Amino acid sequence: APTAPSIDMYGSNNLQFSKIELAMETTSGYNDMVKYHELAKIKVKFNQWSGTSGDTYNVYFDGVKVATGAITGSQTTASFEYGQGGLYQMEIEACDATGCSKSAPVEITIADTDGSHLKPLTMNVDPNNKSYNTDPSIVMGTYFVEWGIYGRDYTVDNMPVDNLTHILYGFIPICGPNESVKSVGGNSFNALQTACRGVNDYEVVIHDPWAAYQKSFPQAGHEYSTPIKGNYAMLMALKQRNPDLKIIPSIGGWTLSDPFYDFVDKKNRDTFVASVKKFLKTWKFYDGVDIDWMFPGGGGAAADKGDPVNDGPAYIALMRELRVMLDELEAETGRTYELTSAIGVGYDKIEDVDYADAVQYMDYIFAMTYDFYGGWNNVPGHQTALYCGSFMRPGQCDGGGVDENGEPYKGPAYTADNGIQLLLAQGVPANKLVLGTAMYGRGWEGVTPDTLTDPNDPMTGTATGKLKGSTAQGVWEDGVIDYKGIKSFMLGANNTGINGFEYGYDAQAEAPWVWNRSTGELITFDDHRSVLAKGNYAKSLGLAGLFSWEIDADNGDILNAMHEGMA
Ligand SMILES: CC(=O)N[C@@H]1[C@@H](O)[C@H](O[C@@H]2O[C@H](CO)[C@@H](O[C@@H]3O[C@H](CO)[C@@H](O[C@@H]4O[C@H](CO)[C@@H](O[C@@H]5O[C@H](CO)[C@@H](O[C@@H]6O[C@H](CO)[C@@H](O)[C@H](O)[C@H]6NC(C)=O)[C@H](O)[C@H]5NC(C)=O)[C@H](O)[C@H]4NC(C)=O)[C@H](O)[C@H]3NC(C)=O)[C@H](O)[C@H]2NC(C)=O)[C@@H](CO)O[C@H]1O
């Protein structure tokens with residue numbers, strides 16, 4: 001019977017260990033900042049200053065032996081490796097020929113990126129978000145944006161998680177050609193160059209490591225010694241609260257799509273696919289991958305890129321190859337991984353891909369049924385309408401008609417139904433299509449009554465420019481405004497219209513607007529009525545469900561209407 005081991009807390013790093021090393025006080029290349037280990041190196045020191053020390057020690061985690069070795073004096077260091085994250089009751093046992101003596105149990109922490117070491121996240125959700133009993137098989141998705149923690153002041157704990165099945169995290173960049181990033185400003189290109197130092201072209205990185213894993217959030221109990229912080233640690237804690245929730249990294253987006261055009265070369269796809277596998281092993285809270293390429297065939301941020309012959313086949317091959325890779329992860333982990341993509345729904349984007357071929361490898365297509373009209377020009381229209389609006393010309397809807405100059409339309413009008421129908425026409429199953437809802441408006445100014453051909457329809461007018469305003473009103477970029485801003489500053493309590501704005505609805509299109517006759521300010525968006533129509537439409541067609549961009553811009557009204565529409 002030797003003296004029972006006494007744990008040296010200071011010599012054992014306060015029993016805090018981690019499978020991941022993350023730089024917290026510096027910024028450099030991704031591979032320099034992030035180091036993942038399949039096995040955590042555990043080092044525990046114990047003391048036996050009185051009595052006999054014995055010959056042998058045994059280390060137990062919840063009664064199960066994880067280590068053993070020799071005792072050669074009053075003080076002993078137990079060094080071993082362990083690969084499962086979590087919290088364990090550790091006891092250390094000292095043995096000789098006459099018996100064994102155990103230490104009192106103490107908790108050891110082994111951090112991993114599945115959040116297994118973390119307590120479920122405490123939520124701080126706007127109570128305007130209601131509770132629903134929506135069928136869990138129905139997709140209810142949204143995008144959470146990395147940069148939303150700054151000016152937008154929208155954090156992971158703000159998300160109405162119980163009203164979501166899928167959280168898509170925007171955006172993960174790909175190292176390589178990224179000239180489109182420069183349009184963002186705010187030093188975004190430089191930040192990407194820094195992340196990509198020591199990273200091969202066509203491999204993924206984290207754009208903003210401060211937001212991702214460095215920033216200390218007090219609502220998540222982050223402190224100096226916390227091995228993982230930022231959005232990622234909060235998403236890990238969220239997975240602990242909501243284990244059935246799917247959190248998926250979205251690769252690309254409008255400004256980060258440039259590298260995709262080089263996927264015509266399989267070697268570049270190979271590099272990318274391998275990088276994603278590494279990324280999903282490193283960040284275990286993620287449940288698959290979302291590919292947001294805008295767009296195969298061109299028409300995206302980079303005017304000089306797009307290959308209508310080869311992009312579609314590359315996209316299909318990418319999905320096939322990603323699915324093979326995800327199958328490997330499934331075999332290695334016993335988990336189920338999802339493969340998704342957000343796609344343009346303009347006829348001229350859909351036609352460049354055989355989605356029937358692509359979708360056989362995929363769980364969901366997030367149909368981006370918004371941005372049909374906007375401040376990029378001075379032509380008003382419904383940005384996210386289900387159907388063709390009253391403002392449209394004879395035969396414009398189907399595309400068989402003629403425009404103002406007598407020129408034929410080149411394809412069906414930009415509407416949600418036109419896009420969905422085109423996808424179904426390719427042979428895409430309805431139950432893999434997710435319909436897009438807008439949590440923001442697009443807007444113009446100078447659409448004054450004198451510009452209108454139909455005096456009661458501002459969609460028949462002409463603009464002088466983009467909607468302007470302050471970030472207080474949800475205008476983060478000219479021509480774009482948060483739904484919650486529209487509600488607070490244009491709609492008011494009961495859609496009455498405030499501050500010079502009147503409310504209108506196109507029952508043919510299923511699309512709302514607000515219009516200020518004096519300023520000519522006009523905003524197209526989704527509201528309770530239009531979202532109800534989208535939900536009713538989705539269940540009628542047997543679609544997979546609904547998704548939205550972006551949750552920080554909602555006040556609860558849009559996601560509520562999403563659930564009520566699917567009820
Ligand atoms: C039918 C048809 O074909 N119509 C065409 C139409 O499609 C075209 O318009 C484009 O449509 C597509 C959809 O098909 C849009 O792309 C998708 O939809 C959403 C919403 O539109 C996209 O969301 C944008 O995402 C970008 C990133 O890609 C966001 O950019 C961010 O901007 C903010 C500033 O607001 C930056 O914040 C700064 O961040 C730094 C830190 O980095 C911080 O320090 C600063 O404080 C902070 N500043 C501020 C002011 O907050 C941020 O860095 C940056 N992020 C990045 C990574 O670049 C942008 O805000 C989002 N816009 C809106 C609106 O929310 C999304 O990319 C994409 N979704 C998916 C799922 O992929 C596309 O946006 C749209 N383009 C345009 C130009 O509007 C049009 C025009 O070509 O043609 C029609 O024919």
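First listed ligand is number 1; within each ligand, the first listed atom is number 1. Heavy-atom basis, side chains included; hydrogens, waters and symmetry copies ignored. Starting from 1, each residue takes its place in the sequence as its number.
Annotation for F263 and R269: closest pair O-NH1, 2.9 Å, computed over non-hydrogen atoms. Between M319 and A358 the shortest heavy-atom distance is CB-O, 4.1 Å.
Which parts of ligand 1 touch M294 is read off a 4.0 Å heavy-atom cut-off, strictly below it: atoms 12 (C), 13 (C), 14 (O), 15 (C), 16 (O), 17 (C), 68 (C), 72 (O). Taking a cut-off of under 4.0 Å to the non-hydrogen atoms of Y440, the atoms of ligand 1 that pass are 20 (C), 21 (O). Residue contact check: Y370 has heavy atoms under 4.0 Å from atoms 18 (O) of ligand 1. Atoms of ligand 1 lying under 4.0 Å from any heavy atom of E550, numbered from 1 in the order shown and given with element: 65 (O). Ligand 1 places these atoms under 4.0 Å from at least one heavy atom of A342: 71 (C). Close contacts between ligand 1 and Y143 involve ligand atoms 71 (C) [criterion: under 4.0 Å to a heavy atom].
Looking only at atom types and distance, the side chain of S180 has no donor-acceptor partner in the side chain of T255 under 3.5 Å away.
The only member of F260, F295, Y261, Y355 that meets ring-ring contact (aromatic ring centres under 6.0 Å, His included) when paired with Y315 is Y355. Partner of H382 under the ring-ring contact (aromatic ring centres under 6.0 Å, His included) criterion, chosen from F372, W513, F391, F525: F391.
The CG atom of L423 lies 13.5 Å from the NZ atom of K432; values are rounded to the nearest 0.5 Å. Here the CD1-CG distance, from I138 to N431, works out to 12.5 Å after rounding to the nearest 0.5 Å. Put simply, CE on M159 and CE on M234 are 8.5 Å apart, with the number rounded to the nearest 0.5 Å. With rounding to the nearest 0.5 angstrom, the CD1 atom of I206 is 12.5 Å from the CG atom of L192.
Taking a 4.0 Å cut-off on heavy atoms, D208 fails to register as neighbouring ligand 1. Residue contact check for ligand 1: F295 places a non-hydrogen atom closer than 4.0 Å to it. Not a single heavy atom of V345 sits closer than 4.0 Å to an atom of ligand 1. Using a 4.0 angstrom heavy-atom cutoff, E477 does not count as in contact with ligand 1. Proximity of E146 to ligand 1 is not established, as no heavy-atom distance is less than 4.0 Å. For the pair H207 and ligand 1, no heavy-atom separation below 4.0 Å is found.
Distance remark: protein heavy atom present below 4.0 angstrom from atom 71 (C) of ligand 1. Inside a 4.0 Å radius of atom 40 (C) of ligand 1 there is not any protein heavy atom. The nearest protein heavy atom to atom 47 (C) of ligand 1 is not closer than 4.0 Å.
If you look at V480 next to ligand 1, the close heavy atoms, those under 4.0 Å, all belong to the side chain.
Here the protein heavy atom with the shortest distance to atom 65 (O) of ligand 1 is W549 NE1, 2.7 Å. Remark: minimum distance from atom 57 (C) of ligand 1 to any protein heavy atom is reached at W147 CZ3, 3.6 Å. Nearest protein heavy-atom neighbour of atom 58 (O) of ligand 1: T255 OG1, 2.7 Å. Given atom 77 (C) of ligand 1, the protein heavy atom at minimum distance is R442 NH2, 4.1 Å. With hydrogens left out, the protein atom closest to atom 10 (C) of ligand 1 is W254 CZ3, 3.9 Å, a heavy atom. Looking at atom 50 (C) of ligand 1, its nearest protein heavy atom turns out to be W476 O, 3.7 Å. The shortest contact between atom 60 (O) of ligand 1 and any protein heavy atom is with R152 NH2, 4.2 Å. Looking from atom 5 (C) of ligand 1 to the surrounding protein, the closest heavy atom is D371 O, 3.7 Å.
With a 6.0 Å cutoff to the six-membered ring centre and a 45° limit on the axis angle, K182 counts as a cation-pi contact of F189. Taking the ring axis of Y373 as reference, the NZ or CZ atom of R442 does not stay both within 45° of it and closer than 6.0 Å to the ring centre. Taking the ring centre of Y232 as origin, the terminal cationic atom of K229 falls outside the region bounded by 6.0 Å and 45° from the ring axis.
Nearest to atom 66 (C) of ligand 1 by heavy atom, out of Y150, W376, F171, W293, is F171. Closest to atom 1 (C) of ligand 1 by heavy atom, among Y414, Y347, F189, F547, is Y414.
Contact check on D258 versus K305 returns no salt bridge, with no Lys/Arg side-chain nitrogen under 4.0 Å from an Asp/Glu carboxylate oxygen.
Checked by distance only, ligand 1 and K349 come closer than 3.5 Å through their nitrogen or oxygen atoms.
Proximity of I350 to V345: side-chain heavy atoms (C-beta onward) are separated by under 4.5 Å at one or more points.
Under the 30°/60° scheme for interplanar angles, the aromatic rings of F366 and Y143 are found to stand perpendicular.
Taking the six-membered ring wherever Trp is involved, the centroid distance between the rings of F272 and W293 does not fall below 6.0 Å.
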